[PDB]
């Protein structure tokens, strides 16, 4: 018998996430204009389909791009996805607030690059949301006069 099945419930970790650090065995991949200089925005985990949808932004050729990548889990436990080549992604450490991962990428020229990363989740609690909505109602502010800054196209550029 090899290892046993892992009870996986990552669905609730879905939500807004941000990149803290990304390291690489090949500096070119994460330098300015690099394909892996990725600013995370959102992660969605589906325990039933065994997938993870990545939503992030990257600057290419002097232009900002919003990207969406779908990863599929394997018996191996790792995830595979297509993005600037083939990728084998492993979650090394995970909690309600952080994600530490290791990714192996092989580009169109067979070049292998190993990357490490630390991402943090932006947790918005129900208790705090309720406090905000009550206060907003107390001040006579209409719901239509409230702007969402977490999911908004018009935002500042990191570079």
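Numbering follows the first chain given and starts at 1.
For the two regions 99-107 and 61-69, the entry's Cα B-factors average higher over 61-69.
Legend: mean Cα B-factor per stretch from the PDB entry, 119-127 versus 44-52; the higher mean is in 44-52. The deposited CA B-factor of residue 22 belongs to the lowest third of values across its chain. Ranked within its chain, residue 148 lands in the lowest third, by CA B factor from the PDB record. When the modelled residues of the chain are ordered by their C-alpha B factor, residue 10 lands in the highest third. Compared with the other modelled residues of the chain, the Cα B-factor recorded for residue 38 ranks in the lowest third.
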